[PDB]
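Below, each value reflects all heavy atoms present in this structure, side chains not excepted, and no hydrogens, waters or symmetry copies. Every chain is numbered from 1 and lettered A, B, ... according to where its sequence line falls, protein lines coming before strand lines.
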2 protein chains.
Amino acid sequence: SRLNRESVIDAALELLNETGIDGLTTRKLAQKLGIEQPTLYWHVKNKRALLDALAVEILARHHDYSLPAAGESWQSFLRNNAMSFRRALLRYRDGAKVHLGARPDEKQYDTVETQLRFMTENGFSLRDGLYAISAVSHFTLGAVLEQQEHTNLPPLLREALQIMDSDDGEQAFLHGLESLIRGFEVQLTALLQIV
Amino acid sequence: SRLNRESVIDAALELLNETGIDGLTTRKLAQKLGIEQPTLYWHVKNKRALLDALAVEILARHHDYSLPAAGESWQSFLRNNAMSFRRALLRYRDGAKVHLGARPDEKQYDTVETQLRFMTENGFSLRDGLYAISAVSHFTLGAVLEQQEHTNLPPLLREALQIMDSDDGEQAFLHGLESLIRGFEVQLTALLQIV
Ligand SMILES: CN(C)c1ccc(O)c2c1C[C@H]1C[C@H]3[C@H](N(C)C)C(O)=C(C(N)=O)C(=O)[C@@]3(O)C(O)=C1C2=O
Ligand SMILES: CN(C)c1ccc(O)c2c1C[C@H]1C[C@H]3[C@H](N(C)C)C(O)=C(C(N)=O)C(=O)[C@@]3(O)C(O)=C1C2=O
Ligand SMILES: [Cl-]
Ligand SMILES: [Cl-]
Ligand SMILES: [Cl-]
Ligand SMILES: [Cl-]
Ligand SMILES: [Cl-]
Ligand SMILES: [Cl-]
Ligand SMILES: [Cl-]
Ligand SMILES: [Cl-]
Ligand SMILES: [Mg+2]
Ligand SMILES: [Mg+2]
């Protein structure tokens with residue numbers, strides 16, 4: 001098949017949905033592409049190189065709300081941004097593990113920079129804006145990994161689980177997301193006051 | 001060596017700190033114990049069985065704040081509980097991945113039940129208390145995985161990272177933790193009012 005970057009990644013993602021991350025190997029990627037292992041190696045040095053690239057391509061391809069709209073609030077941008085991240089991470093099997101393992105890369109540097117600047121433009125110190133972004137990010141990754149990694153008992157526990165299972169974990173994600181955004185707001189608002 | 005449960009786990013944890021989760025195999029556990037693979041298999045059917053057990057033993061051994069103190073608030077219990085979880089997950093290499101992969105097990109059912117009941121006793125609906133517990137849990141896991149899985153650029157990004165690196169990610173963890181607890185409080189407090 002074609003072994004340009006885009007084609008190698010198409011096939012690696014397609015494989016990831018077949019095998020998950022633990023089973024994704026270069027050997028199996030080579031078979032999928034109908035090529036010998038040493039041909040693939042010209043293109044893809046190892047699995048870590050492969051994963052590094054998938055993590056970025058997944059976000060470039062499906063993470064539509066990297067940047068805020070003109071006039072958008074930081075409440076609404078962190079909302080939309082976190083929702084876009086969750087969806088892009090769920091679109092591929094072990095998506096959040098492929099994300100976790102990778103390097104916030106040169107090509108996304110300007111995305112994350114814009115975000116840190118955006119947050120500083122609406123009244124966050126750098127410090128408190130990076131904490132806001134890292135918490136959203138850590139909350140969203142953790143919920144998505146649980147959703148993905150789950151792939152007689154006491155009553156509350158029985159009912160709680162039954163309820164978590166009702167939907168994908170989206171209601172529990174969006175609820176905690178609102179708590180997190182408001183917590184940030186209550187902090188930002190108070191300034192030097194004891195809160 | 002001894003192949004009682006406690007001894008098998010001691011050696012598996014010791015191995016996990018040597019290899020991490022990806023390198024932990026039953027074959028290597030057998031070598032570490034000085035036993036043949038089929039002797040180990042009598043004791044430990046596979047890696048998934050092994051991981052299931054480590055995840056639980058890690059919490060039984062080092063997660064000291066499963067349950068709240070007499071008189072403690074739900075703000076302070078979720079604080080202490082999340083801090084105990086983070087520490088227990090960091091005590092072993094890829095601790096959060098060993099946690100993620102496992103089954104909230106019969107032996108911890110009563111711990112998590114007590115917690116769901118505790119939260120309902122201080123004015124949460126079951127629904128809103130499970131969302132509170134799952135968000136703490138998802139936030140803490142995600143921060144711990146990032147801390148663990150991280151194992152020239154634009155300025156804000158440069159300074160932000162420099163700052164994240166200053167400590168282990170504990171300041172960013174404890175800051176987001178306070179936002180999350182307050183977000184919950186603002187929700188719980190309002191009742192039927194628009195907030
Ligand atoms: C530098 N900054 C404070 C941190 C701290 C800890 C982290 O674990 C991370 C960042 C940058 C953030 C930006 C977040 C952003 N958002 C809050 C989800 C985000 O939208 C993107 C993005 N490329 O669009 C990420 O790279 C991102 O998912 C990400 O992977 C990050 C990340 O992994
Ligand atoms: C049932 N409940 C709402 C959920 C939902 C999603 C989850 O991803 C989980 C739970 C139970 C929670 C309890 C939390 C608790 N805490 C909020 C951190 C906790 O202290 C424990 C514990 N055994 O002490 C967990 O099992 C726990 O870490 C855990 O692993 C959970 C977990 O994985
Ligand atoms: Cl072709
Ligand atoms: Cl080609
Ligand atoms: Cl290309
Ligand atoms: Cl491989
Ligand atoms: Cl002995
Ligand atoms: Cl023995
Ligand atoms: Cl024993
Ligand atoms: Cl194995
Ligand atoms: Mg990331
Ligand atoms: Mg858990």
message = Go through it in stages, so that I can follow the logic: the residues are B:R27 and B:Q37, the test is side chain to side chain contact (heavy atoms under 4.5 Å, CB included), and I'd like the CA-CA distance, side-chain angles, deciding distance and then a yes or no.
response = CA-CA 6 Å; B:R27 189 164 188 170; B:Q37 291 193 93; 3.3 Å; yes
request  = Show your reasoning for whether side chain to side chain contact (heavy atoms under 4.5 Å, CB included) applies to A:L51 and A:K97.
outcome  = CA-CA 10 Å; A:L51 290 184; A:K97 288 171 179 184; over 6 Å; no
request  = Might you work through the side chain to side chain contact (heavy atoms under 4.5 Å, CB included) test for B:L161 and B:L153, ending with a clear yes or no?
outcome  = CA-CA 10 Å; B:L161 289 165; B:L153 28 48; 3.9 Å; yes
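Salt-bridge formation is not detected for the pair B:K47/A:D22: no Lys NZ or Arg NE/NH1/NH2 atom is positioned less than 4.0 Å from an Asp or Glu carboxylate oxygen.
Residues B:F77 and B:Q115 meet the side-chain proximity criterion, which asks for heavy atoms closer than 4.5 Å. Contact of the A:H62 side chain with the A:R87 side chain is not registered, since no non-hydrogen atoms from C-beta on lie closer than 4.5 Å. When side chains are defined from C-beta on, B:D168 counts as touching B:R86, because their heavy atoms get closer than 4.5 Å. You'll find the side chain of A:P154 reaches within 4.5 Å of the side chain of B:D110, heavy atoms only. No side-chain heavy atom of B:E18 sits less than 4.5 Å from a side-chain heavy atom of B:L24. Put simply, the side chain of B:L141 reaches to within 4.5 Å of the side chain of B:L100, judged on heavy atoms. At least one side-chain heavy atom of B:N81 sits under 4.5 Å from a side-chain heavy atom of B:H63. Between B:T39 and B:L33, the closest side-chain pair of non-hydrogen atoms is not below 4.5 Å.
Exactly one residue among A:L89, A:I21, A:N17 makes a side-chain contact (heavy atoms from CB on, under 4.5 Å) with A:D94. That residue is A:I21.
With rounding to the nearest 0.5 angstrom, the CG atom of B:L16 is 6.5 Å from the CD1 atom of B:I58. Atom-to-atom distance recorded for B:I9:CD1 and B:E14:CD is 14.0 Å, nearest 0.5 angstrom. For the atom pair CG of B:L126 and CG of B:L116, the computed distance is 5.5 Å after rounding to the nearest 0.5 Å. In this structure, A:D10 CG and A:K32 NZ are separated by 11.5 Å, a value rounded to the nearest 0.5 Å. With rounding to the nearest 0.5 angstrom, the CG atom of A:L40 is 10.0 Å from the CG atom of A:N46. Between atom CD of residue B:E57 and atom CG of residue B:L50 there is a gap of 11.5 Å, rounded to the nearest 0.5 Å.
Every residue meeting the ring pair (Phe, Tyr, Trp, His ring centres under 6.0 Å) condition with B:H99, not counting sequence neighbours, appears here in chain and number order: B:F85. Applying the ring pair (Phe, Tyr, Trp, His ring centres under 6.0 Å) criterion to A:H43, with sequence neighbours excluded, gives no partner residue. With sequence neighbours excluded, no residue satisfies ring pair (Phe, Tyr, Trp, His ring centres under 6.0 Å) with A:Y65. For A:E159, the salt bridge (charged side-chain N to carboxylate O under 4.0 Å, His left out) test picks out no residue, with sequence neighbours left out. Checked against salt bridge (charged side-chain N to carboxylate O under 4.0 Å, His left out), B:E170 has no partners two or more places apart in sequence or in another chain. In this structure A:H150 satisfies the ring pair (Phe, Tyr, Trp, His ring centres under 6.0 Å) test with no other residue, sequence neighbours excluded. Qualifying salt bridge (charged side-chain N to carboxylate O under 4.0 Å, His left out) partners for A:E113, counting only residues two or more places apart in sequence or in other chains: none. Not counting sequence neighbours, the partners of A:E121 by the side chain to side chain contact (heavy atoms under 4.5 Å, CB included) test are A:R117. Every salt bridge (charged side-chain N to carboxylate O under 4.0 Å, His left out) that B:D52 has, sequence neighbours left out, goes to B:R48.
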Which pairs would a plain distance check flag for residues 101-109 of chain B, meaning a side-chain donor or acceptor within less than 3.5 Å of a matching protein atom at least two apart in sequence or in another chain?
from	atom 1	to	atom 2	distance (Å)
B:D105	OD1	B:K107	N	3.3
B:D105	OD1	B:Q108	N	3.3

Sequence neighbours left out, cut at 3.5 Å: what donor-acceptor pairs do the side chains of residues 127-135 of chain B make with other protein atoms?
from	atom 1	to	atom 2	distance (Å)
B:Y131	OH	A:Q171	NE2	3.3
B:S134	OG	B:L130	O	3.1
B:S134	OG	B:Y131	O	3.2

Donor-acceptor pairs under 3.5 angstrom involving side-chain atoms of residues 183-195 of chain A: please list them, not counting sequence neighbours.
from	atom 1	to	atom 2	distance (Å)
A:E185	OE1	A:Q75	NE2	2.6
A:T189	OG1	A:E185	O	3.4
A:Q193	NE2	A:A190	O	3.3

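With hydrophobic clusters built from ILVMFWY side chains whose heavy atoms lie under 4.5 angstrom apart, A:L145 does not share a cluster with A:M164. A:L78 and B:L156 end up in the same hydrophobic cluster when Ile, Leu, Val, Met, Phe, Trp and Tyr side chains are linked at under 4.5 Å. Residues A:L180 and B:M119 share a hydrophobic cluster, clusters being chains of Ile/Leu/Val/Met/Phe/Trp/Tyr side chains in contact below 4.5 Å. By the criterion of side-chain heavy atoms lying less than 4.5 angstrom apart, applied directly or through intervening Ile, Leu, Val, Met, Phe, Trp or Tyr residues, B:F139 is grouped together with B:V112 in one hydrophobic cluster. The hydrophobic cluster containing A:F118 does not contain A:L59, counting ILVMFWY residues as joined when their side-chain heavy atoms lie under 4.5 angstrom apart, directly or transitively.
Nearest heavy atom pair, residue B:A82 against residue B:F173, reads O-CZ, 3.9 Å. Closest approach of A:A12 to A:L54, counting heavy atoms only: CB-CD2, 3.8 Å. Considering every non-hydrogen atom in both B:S166 and B:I163, the closest pair reads OG-O, 2.8 Å.
Put simply, the side chain of B:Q148 gets close to the backbone of B:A96: a donor and an acceptor are under 3.5 Å apart.
Other residues, nucleotides and ligands place no more than 12 heavy atoms under 6.0 Å from the CD atom of A:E36.
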